[PDB]
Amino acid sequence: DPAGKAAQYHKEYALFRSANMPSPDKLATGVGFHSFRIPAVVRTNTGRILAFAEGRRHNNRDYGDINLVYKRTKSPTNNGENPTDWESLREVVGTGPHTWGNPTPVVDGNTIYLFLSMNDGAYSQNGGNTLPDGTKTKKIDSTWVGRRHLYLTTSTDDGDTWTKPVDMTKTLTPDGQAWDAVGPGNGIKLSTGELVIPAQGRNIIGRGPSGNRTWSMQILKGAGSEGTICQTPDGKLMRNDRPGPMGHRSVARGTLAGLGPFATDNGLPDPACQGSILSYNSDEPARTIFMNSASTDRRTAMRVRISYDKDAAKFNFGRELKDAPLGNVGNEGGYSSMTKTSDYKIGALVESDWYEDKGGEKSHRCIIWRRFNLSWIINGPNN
């Protein structure tokens, strides 16, 4: 790979700073957040970078009062190089006591689409969970009030502002479903112009002129809840999904007409956690980048890899993120999201956990922003 001849570049710092950290991230209203989880990042067509997360207000749990927050690079050209290149925290949506999350953006010309999941603030995946007012949640169910919803918001001003989210559940989630997820992480725009957003059990397909899309479901058999989508160099679609059981990623391939079976990919260990994938370039040699925790049981084995295959059948060992460790952010590992920057880097958001309460709800979570070039990957000591 000719990119391995370049001097290796990496840089890393916290981008979403939990309440316990110095200079914690707060909205302009003064609302701060115990934890940030569930990253998503995209480069827009101006070069600006948009970074999204769940602002988990009171603890690190997946339910309760959770706002979908974001930052942008201050200019379209700074590429997120330094901490001071980023704007202060902003909010996409935070209405009510509800959960707003699962950011899943896709850039479409001069429009950025952002899909997101939602649940009523009185409900949680399992039910019976304690909330800050001393009540217990109800279990998410198939009722309109109790199910997971799917919302869409857009921006036509390079992420500066967002439309009021529109509930798309009745047309873009199967009837009768209870739990749901979109992404989280990102969707894609195909070479043939359609938009594809990964979701639980299905893809969501956007068709129409750029910025004036209408959406439909592509129902999958055997897909996961938290999926990734890619158009591989052969032009085919690939789903690479978080498994139910701990072990390995679950992968399927196909087209807009349908995907083939999902199968365990024994080349990609995974501890039942979200991952991220990125088509980096289409010119020779075409590359796909994959990031997850490369372990069958822990989230603290973050690894970024390259595939040169036209179907992304095989990835290399790649490079363990711990080789460029970041201090003062807790223990790195968990969900991730990647984009390509204008200056030929990969920009990745990566979860990190202070772990003060171990796996309990009081452990503060933050999100790291990494940038690195292909050379840093290629030249990994074990690659």
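From 1 onward, residues are counted along the sequence shown.
Mean CA B-factor, 181-189 versus 244-252: the higher value falls on 244-252.
Look at the C-alpha B-factors of 221-229 and of 164-172. On average they run higher in 164-172. Of the candidates 54, 332, 65, 357, the PDB record gives 357 the highest C-alpha temperature factor. Within the group 100, 86, 215, 115, the record's highest C-alpha temperature factor is found at 215. When the modelled residues of the chain are ordered by C-alpha B-factor, residue 300 sits in the middle third. Per the PDB record, residue ranking by Cα B-factor puts residue 144 in the highest third of the chain.
In the deposited entry, the Cα temperature factor of residue 270 places it in the lowest third of its chain's modelled residues. Per-chain ranking of the deposited C-alpha B factor places residue 264 in the highest third. Residue 208: CA B factor lies in the middle third for its chain, per the PDB record.
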